[PDB]
$ cat entry21.pdb   # PDB, C-alpha atoms
MODEL        1
ATOM      1  CA  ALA A   2      34.406 -40.606 -10.644  1.00  0.00           C
ATOM      2  CA  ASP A   3      33.885 -37.015 -11.795  1.00  0.00           C
ATOM      3  CA  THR A   4      32.185 -35.901  -8.534  1.00  0.00           C
ATOM      4  CA  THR A   5      28.785 -34.932  -9.890  1.00  0.00           C
ATOM      5  CA  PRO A   6      26.466 -32.948  -7.593  1.00  0.00           C
ATOM      6  CA  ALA A   7      23.555 -34.594  -5.830  1.00  0.00           C
ATOM      7  CA  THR A   8      20.241 -35.053  -7.620  1.00  0.00           C
ATOM      8  CA  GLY A   9      18.480 -32.645  -5.262  1.00  0.00           C
ATOM      9  CA  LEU A  10      21.409 -30.209  -5.170  1.00  0.00           C
ATOM     10  CA  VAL A  11      21.070 -29.140  -8.821  1.00  0.00           C
ATOM     11  CA  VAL A  12      20.143 -25.464  -8.543  1.00  0.00           C
ATOM     12  CA  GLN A  13      17.269 -24.123 -10.642  1.00  0.00           C
ATOM     13  CA  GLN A  14      16.824 -20.387 -11.199  1.00  0.00           C
ATOM     14  CA  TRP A  15      13.554 -18.499 -11.675  1.00  0.00           C
ATOM     15  CA  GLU A  16      13.517 -15.380 -13.838  1.00  0.00           C
ATOM     16  CA  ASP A  17      12.218 -12.284 -12.058  1.00  0.00           C
ATOM     17  CA  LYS A  18      10.775 -10.854 -15.296  1.00  0.00           C
ATOM     18  CA  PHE A  19       7.528 -12.026 -16.870  1.00  0.00           C
ATOM     19  CA  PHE A  20       5.975 -12.162 -20.321  1.00  0.00           C
ATOM     20  CA  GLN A  21       2.679 -10.493 -21.210  1.00  0.00           C
ATOM     21  CA  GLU A  22      -0.006 -11.835 -23.524  1.00  0.00           C
ATOM     22  CA  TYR A  23      -0.265  -9.780 -26.706  1.00  0.00           C
ATOM     23  CA  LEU A  24      -3.542  -7.857 -26.972  1.00  0.00           C
ATOM     24  CA  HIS A  25      -4.286  -5.850 -30.106  1.00  0.00           C
ATOM     25  CA  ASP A  26      -5.045  -2.188 -29.412  1.00  0.00           C
ATOM     26  CA  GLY A  27      -6.333  -1.586 -32.948  1.00  0.00           C
ATOM     27  CA  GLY A  28      -4.186   1.524 -33.311  1.00  0.00           C
ATOM     28  CA  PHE A  29      -6.800   3.610 -31.494  1.00  0.00           C
ATOM     29  CA  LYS A  30      -4.171   5.105 -29.178  1.00  0.00           C
ATOM     30  CA  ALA A  31      -2.275   6.449 -32.201  1.00  0.00           C
ATOM     31  CA  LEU A  32      -5.446   8.185 -33.445  1.00  0.00           C
ATOM     32  CA  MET A  33      -6.159   9.957 -30.138  1.00  0.00           C
ATOM     33  CA  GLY A  34      -5.429  13.671 -30.046  1.00  0.00           C
ATOM     34  CA  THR A  35      -6.714  17.084 -29.061  1.00  0.00           C
ATOM     35  CA  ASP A  36      -6.169  18.710 -32.463  1.00  0.00           C
ATOM     36  CA  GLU A  37      -9.084  19.286 -34.824  1.00  0.00           C
ATOM     37  CA  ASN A  38      -7.615  16.737 -37.267  1.00  0.00           C
ATOM     38  CA  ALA A  39      -7.650  13.816 -34.808  1.00  0.00           C
ATOM     39  CA  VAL A  40     -10.005  10.918 -35.511  1.00  0.00           C
ATOM     40  CA  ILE A  41     -10.640  10.398 -31.784  1.00  0.00           C
ATOM     41  CA  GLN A  42     -11.117  13.621 -29.819  1.00  0.00           C
ATOM     42  CA  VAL A  43      -9.968  13.685 -26.189  1.00  0.00           C
ATOM     43  CA  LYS A  44     -11.818  16.001 -23.789  1.00  0.00           C
ATOM     44  CA  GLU A  45     -10.081  16.463 -20.426  1.00  0.00           C
ATOM     45  CA  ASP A  46     -12.129  19.429 -19.182  1.00  0.00           C
ATOM     46  CA  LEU A  47     -13.942  17.320 -16.566  1.00  0.00           C
ATOM     47  CA  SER A  48     -10.599  16.431 -14.951  1.00  0.00           C
ATOM     48  CA  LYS A  49     -10.421  19.867 -13.291  1.00  0.00           C
ATOM     49  CA  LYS A  50     -14.168  20.594 -13.005  1.00  0.00           C
ATOM     50  CA  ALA A  51     -17.108  18.738 -11.463  1.00  0.00           C
ATOM     51  CA  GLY A  52     -19.738  16.872 -13.447  1.00  0.00           C
ATOM     52  CA  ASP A  53     -20.677  13.627 -15.138  1.00  0.00           C
TER
ATOM     53  CA  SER B  54     -22.334   2.759  34.810  1.00  0.00           C
ATOM     54  CA  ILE B  55     -22.183   5.224  37.695  1.00  0.00           C
ATOM     55  CA  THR B  56     -24.267   5.236  40.880  1.00  0.00           C
ATOM     56  CA  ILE B  57     -25.714   8.347  42.533  1.00  0.00           C
ATOM     57  CA  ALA B  58     -27.123   8.403  46.056  1.00  0.00           C
ATOM     58  CA  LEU B  59     -29.955  10.150  47.897  1.00  0.00           C
ATOM     59  CA  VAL B  60     -30.442  10.311  51.673  1.00  0.00           C
ATOM     60  CA  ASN B  61     -34.051  10.306  52.844  1.00  0.00           C
ATOM     61  CA  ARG B  62     -35.259  12.692  55.529  1.00  0.00           C
ATOM     62  CA  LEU B  63     -36.002  11.542  59.074  1.00  0.00           C
ATOM     63  CA  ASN B  64     -39.720  11.440  59.909  1.00  0.00           C
ATOM     64  CA  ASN B  65     -39.664   9.635  63.265  1.00  0.00           C
ATOM     65  CA  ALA B  66     -41.698  10.927  66.184  1.00  0.00           C
ATOM     66  CA  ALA B  67     -39.548  12.523  68.869  1.00  0.00           C
ATOM     67  CA  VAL B  68     -38.691  10.476  71.957  1.00  0.00           C
ATOM     68  CA  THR B  69     -40.329  12.710  74.556  1.00  0.00           C
ATOM     69  CA  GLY B  70     -39.735  12.785  78.291  1.00  0.00           C
ATOM     70  CA  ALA B  71     -37.318  10.494  80.111  1.00  0.00           C
ATOM     71  CA  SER B  72     -37.927   7.606  77.695  1.00  0.00           C
ATOM     72  CA  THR B  73     -34.778   5.724  76.734  1.00  0.00           C
ATOM     73  CA  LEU B  74     -33.240   6.520  73.346  1.00  0.00           C
ATOM     74  CA  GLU B  75     -30.713   3.676  73.153  1.00  0.00           C
ATOM     75  CA  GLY B  76     -31.974   0.813  71.015  1.00  0.00           C
ATOM     76  CA  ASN B  77     -35.001   2.884  69.997  1.00  0.00           C
ATOM     77  CA  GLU B  78     -33.140   4.678  67.210  1.00  0.00           C
ATOM     78  CA  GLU B  79     -34.286   5.439  63.662  1.00  0.00           C
ATOM     79  CA  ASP B  80     -33.302   3.406  60.603  1.00  0.00           C
ATOM     80  CA  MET B  81     -31.878   5.955  58.177  1.00  0.00           C
ATOM     81  CA  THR B  82     -32.866   5.218  54.579  1.00  0.00           C
ATOM     82  CA  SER B  83     -30.768   5.685  51.448  1.00  0.00           C
ATOM     83  CA  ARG B  84     -31.617   5.275  47.770  1.00  0.00           C
ATOM     84  CA  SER B  85     -29.393   4.643  44.760  1.00  0.00           C
ATOM     85  CA  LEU B  86     -29.750   5.241  41.028  1.00  0.00           C
ATOM     86  CA  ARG B  87     -27.486   3.541  38.483  1.00  0.00           C
ATOM     87  CA  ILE B  88     -26.940   5.375  35.183  1.00  0.00           C
ATOM     88  CA  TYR B  89     -25.591   3.367  32.250  1.00  0.00           C
ATOM     89  CA  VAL B  90     -23.503   4.858  29.453  1.00  0.00           C
ATOM     90  CA  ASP B  91     -23.583   3.567  25.891  1.00  0.00           C
ATOM     91  CA  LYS B  92     -21.960   4.240  22.528  1.00  0.00           C
ATOM     92  CA  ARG B  93     -23.994   6.093  19.899  1.00  0.00           C
ATOM     93  CA  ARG B  94     -22.605   6.416  16.374  1.00  0.00           C
ATOM     94  CA  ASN B  95     -23.672   7.613  12.949  1.00  0.00           C
ATOM     95  CA  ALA B  96     -21.815   7.678   9.640  1.00  0.00           C
ATOM     96  CA  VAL B  97     -22.276   8.810   6.044  1.00  0.00           C
ATOM     97  CA  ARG B  98     -20.468   7.120   3.145  1.00  0.00           C
ATOM     98  CA  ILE B  99     -20.005   8.815  -0.236  1.00  0.00           C
ATOM     99  CA  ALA B 100     -18.886   7.158  -3.463  1.00  0.00           C
ATOM    100  CA  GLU B 101     -16.111   8.675  -5.565  1.00  0.00           C
ATOM    101  CA  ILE B 102     -18.280   8.892  -8.693  1.00  0.00           C
ATOM    102  CA  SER B 103     -21.035  10.465  -6.584  1.00  0.00           C
ATOM    103  CA  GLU B 104     -18.557  13.044  -5.277  1.00  0.00           C
ATOM    104  CA  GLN B 105     -17.483  13.860  -8.841  1.00  0.00           C
ATOM    105  CA  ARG B 106     -21.091  14.129 -10.046  1.00  0.00           C
TER
ENDMDL
END
$ encode --input "entry21.pdb" --output "C-alpha cells"
Amino acid sequence: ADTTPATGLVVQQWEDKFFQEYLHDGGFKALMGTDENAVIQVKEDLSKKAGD
Amino acid sequence: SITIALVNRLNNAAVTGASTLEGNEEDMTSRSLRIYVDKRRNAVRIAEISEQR
C-alpha cells in the first residue's frame, strides 16, 4: 500500500557521453618535433607548396 | 522542337481569255521542317591528391 509506480513507468536514463576503447600510441606523438634533437622529424613544407 | 515553314512558288499556267477562274484555282503548297533541341554536356573530375601533386 505504498503506491509504487507501474512496471512500465519506471524511467531509465541514457548517458549522453560515451567511452572510448584504449589504443596504445606507443609514445610516438611525444617524440615528434621539428627540432634537430627530435627522434621523429616533422616536415610541413608541403602544406603550403605543391608536390607529392 | 520548333517548326519552320516555306511557301512554294506558283507555277500554274495562266488562265487565258474569257475562261472561268472560279473552281479552277491553284493549290498553294507549303513545306515544314521540325528542328529538335537536345542537351549536350561534358565534365572533368579531378581528385584532391591529383590536384596537390
$ interface_residues --input "entry21.pdb" --of "chain A" --to "chain B" --cutoff "6 Å" --atoms "all atoms listed in the file" --output "list in words"
residues 51, 52 and 53 of chain A
$ write_last_selection --input "entry21.pdb" --atoms "C-alpha atoms" --output "CSV table (one decimal), in the coordinates of the input"
chain,number,residue,atom,x,y,z
A,51,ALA,CA,-17.1,18.7,-11.5
A,52,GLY,CA,-19.7,16.9,-13.4
A,53,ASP,CA,-20.7,13.6,-15.1
$ residues_around --input "entry21.pdb" --residues "residue 65 (chain B)" --least-positions-apart "3" --cutoff "12 Å" --atoms "only C-alpha atoms" --output "list in words"
residues 61, 62, 68, 69, 77, 78, 79, 80, 81 and 82 of chain B
$ resolve_selection --input "entry21.pdb" --expression "the PyMOL selection byres ((chain A and resi 28-30) around 12)" --output "JSON, numbers by chain"
{"A": [24, 25, 26, 27, 31, 32, 33, 34, 39, 40, 41, 42, 43]}
$ write_last_selection --input "entry21.pdb" --atoms "C-alpha atoms" --output "PDB file, keeping the file's coordinate frame"
ATOM      1  CA  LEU A  24      -3.542  -7.857 -26.972  1.00  0.00           C
ATOM      2  CA  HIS A  25      -4.286  -5.850 -30.106  1.00  0.00           C
ATOM      3  CA  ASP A  26      -5.045  -2.188 -29.412  1.00  0.00           C
ATOM      4  CA  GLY A  27      -6.333  -1.586 -32.948  1.00  0.00           C
ATOM      5  CA  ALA A  31      -2.275   6.449 -32.201  1.00  0.00           C
ATOM      6  CA  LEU A  32      -5.446   8.185 -33.445  1.00  0.00           C
ATOM      7  CA  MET A  33      -6.159   9.957 -30.138  1.00  0.00           C
ATOM      8  CA  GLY A  34      -5.429  13.671 -30.046  1.00  0.00           C
ATOM      9  CA  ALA A  39      -7.650  13.816 -34.808  1.00  0.00           C
ATOM     10  CA  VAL A  40     -10.005  10.918 -35.511  1.00  0.00           C
ATOM     11  CA  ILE A  41     -10.640  10.398 -31.784  1.00  0.00           C
ATOM     12  CA  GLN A  42     -11.117  13.621 -29.819  1.00  0.00           C
ATOM     13  CA  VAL A  43      -9.968  13.685 -26.189  1.00  0.00           C
TER      14      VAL A  43
END
$ axis_aligned_box --input "entry21.pdb" --around "region 91-98 of chain B" --padding-each-side "6 Å" --output "AutoDock Vina command-line options"
--center_x -22.2 --center_y 6.2 --center_z 14.5 --size_x 15.5 --size_y 17.2 --size_z 34.7
$ atom_distance --input "entry21.pdb" --atom1 "CA of residue 60 (chain B)" --atom2 "CA of residue 73 (chain B)"
25.8 Å
$ atom_distance --input "entry21.pdb" --atom1 "CA of residue 87 (chain B)" --atom2 "CA of residue 63 (chain B)"
23.7 Å
$ decode --input "entry21.pdb" --residues "chain A" --atoms "C-alpha atoms" --output "PDB file, in the first residue's frame"
ATOM      1  CA  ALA A   2       0.000   0.000   0.000  1.00  0.00           C
ATOM      2  CA  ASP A   3       2.998   2.261  -0.630  1.00  0.00           C
ATOM      3  CA  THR A   4       1.817   3.357  -4.118  1.00  0.00           C
ATOM      4  CA  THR A   5       4.669   2.005  -6.208  1.00  0.00           C
ATOM      5  CA  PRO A   6       4.917   3.183  -9.833  1.00  0.00           C
ATOM      6  CA  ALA A   7       3.839   0.972 -12.704  1.00  0.00           C
ATOM      7  CA  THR A   8       6.214  -1.627 -14.120  1.00  0.00           C
ATOM      8  CA  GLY A   9       6.429   0.191 -17.454  1.00  0.00           C
ATOM      9  CA  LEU A  10       6.538   3.642 -15.842  1.00  0.00           C
ATOM     10  CA  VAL A  11       9.978   3.160 -14.252  1.00  0.00           C
ATOM     11  CA  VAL A  12      12.109   5.746 -16.047  1.00  0.00           C
ATOM     12  CA  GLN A  13      15.514   4.717 -17.390  1.00  0.00           C
ATOM     13  CA  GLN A  14      18.116   7.323 -18.343  1.00  0.00           C
ATOM     14  CA  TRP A  15      20.756   7.058 -21.071  1.00  0.00           C
ATOM     15  CA  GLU A  16      24.069   8.855 -20.621  1.00  0.00           C
ATOM     16  CA  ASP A  17      24.908  11.270 -23.431  1.00  0.00           C
ATOM     17  CA  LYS A  18      28.659  10.661 -23.027  1.00  0.00           C
ATOM     18  CA  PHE A  19      30.463   7.592 -24.339  1.00  0.00           C
ATOM     19  CA  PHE A  20      33.573   5.599 -23.507  1.00  0.00           C
ATOM     20  CA  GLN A  21      36.413   5.012 -25.961  1.00  0.00           C
ATOM     21  CA  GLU A  22      38.462   1.848 -26.365  1.00  0.00           C
ATOM     22  CA  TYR A  23      42.050   2.351 -25.231  1.00  0.00           C
ATOM     23  CA  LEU A  24      44.554   2.179 -28.096  1.00  0.00           C
ATOM     24  CA  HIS A  25      48.268   2.415 -27.353  1.00  0.00           C
ATOM     25  CA  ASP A  26      50.016   5.207 -29.256  1.00  0.00           C
ATOM     26  CA  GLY A  27      53.485   3.913 -28.351  1.00  0.00           C
ATOM     27  CA  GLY A  28      54.601   7.370 -27.251  1.00  0.00           C
ATOM     28  CA  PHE A  29      55.377   8.329 -30.851  1.00  0.00           C
ATOM     29  CA  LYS A  30      53.431  11.588 -30.528  1.00  0.00           C
ATOM     30  CA  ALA A  31      55.683  12.644 -27.639  1.00  0.00           C
ATOM     31  CA  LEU A  32      58.776  12.060 -29.807  1.00  0.00           C
ATOM     32  CA  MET A  33      57.533  14.193 -32.721  1.00  0.00           C
ATOM     33  CA  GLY A  34      59.183  17.576 -33.133  1.00  0.00           C
ATOM     34  CA  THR A  35      60.782  19.999 -35.551  1.00  0.00           C
ATOM     35  CA  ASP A  36      63.992  20.486 -33.557  1.00  0.00           C
ATOM     36  CA  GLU A  37      67.198  18.737 -34.591  1.00  0.00           C
ATOM     37  CA  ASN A  38      67.084  16.633 -31.399  1.00  0.00           C
ATOM     38  CA  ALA A  39      63.684  15.055 -32.127  1.00  0.00           C
ATOM     39  CA  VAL A  40      63.560  11.321 -32.824  1.00  0.00           C
ATOM     40  CA  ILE A  41      60.737  11.783 -35.350  1.00  0.00           C
ATOM     41  CA  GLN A  42      61.189  14.771 -37.662  1.00  0.00           C
ATOM     42  CA  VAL A  43      58.062  16.562 -38.894  1.00  0.00           C
ATOM     43  CA  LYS A  44      58.230  18.274 -42.299  1.00  0.00           C
ATOM     44  CA  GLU A  45      55.291  20.593 -43.019  1.00  0.00           C
ATOM     45  CA  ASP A  46      56.750  22.358 -46.066  1.00  0.00           C
ATOM     46  CA  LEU A  47      54.359  20.596 -48.465  1.00  0.00           C
ATOM     47  CA  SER A  48      51.377  22.068 -46.590  1.00  0.00           C
ATOM     48  CA  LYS A  49      51.918  25.456 -48.271  1.00  0.00           C
ATOM     49  CA  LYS A  50      53.546  24.264 -51.523  1.00  0.00           C
ATOM     50  CA  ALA A  51      52.530  21.798 -54.235  1.00  0.00           C
ATOM     51  CA  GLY A  52      54.028  18.347 -54.659  1.00  0.00           C
ATOM     52  CA  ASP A  53      53.909  14.722 -53.598  1.00  0.00           C
TER      53      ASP A  53
END
